[PDB]
């Protein structure tokens, strides 16, 4: 799987344009804002966008999803249904940061643990990883050993759990039981900061010790 990271919004979130090398069929993961910047990269890359994927219901991951879905004529898929309250609360999310109103978002379909999403010949496995948000999912490409994981895990950190319905014990358990077993060699693209691997975090991440 090929990809391009597109930093979007004032929160500087790692939106991912991902695509199959043979078919050039593509997906956007977490198009958080800066819809024009995203469109410019998508259009200049020459790929065929087929879908928008959402890891979780937070503003900096979903702000441009509705505009891009309409622009390209593609579905918005994900996250898990427990984040519906966050997506319904997008106006409140944006108003809290003094930003322009982000409209409520209803995805074409929710995702569940164990779902398959096809990006041309790339098969993404969906893993439900709650703790940061109760509906947070991640996308795993087994063939390229690549994880697109939103705000579950960072290089030397983990997602905040002090939000409504956040749960630290739940988040750490999800990382250890669902992510780490995918293998040390797995690279992850987090929502913020630099990329890292699961192996490096297993042994160096201060939140994953004990």
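Numbering follows the first chain given and starts at 1.
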{"property": "Entry-level comparison of average CA B-factors, 94-102 and 126-134, reporting the higher stretch", "result": "94-102"}
{"property": "Given 49-57 and 169-177, the range whose Cα B-factors average higher in the PDB entry", "result": "169-177"}
{"property": "Given 43, 151, 185, 30, the residue at which the Cα B factor reaches its maximum", "result": "43"}
{"property": "Of the residues 189, 15, 198, 20, the one carrying the largest Cα B-factor as recorded", "result": "20"}
{"property": "Third of the chain's Cα B-factor distribution that residue 119 belongs to, per the entry", "result": "highest"}
{"property": "Residue 159 - Cα temperature factor, lowest/middle/highest third of chain", "result": "middle"}
{"property": "Third of the chain's Cα B-factor distribution that residue 83 belongs to, per the entry", "result": "lowest"}
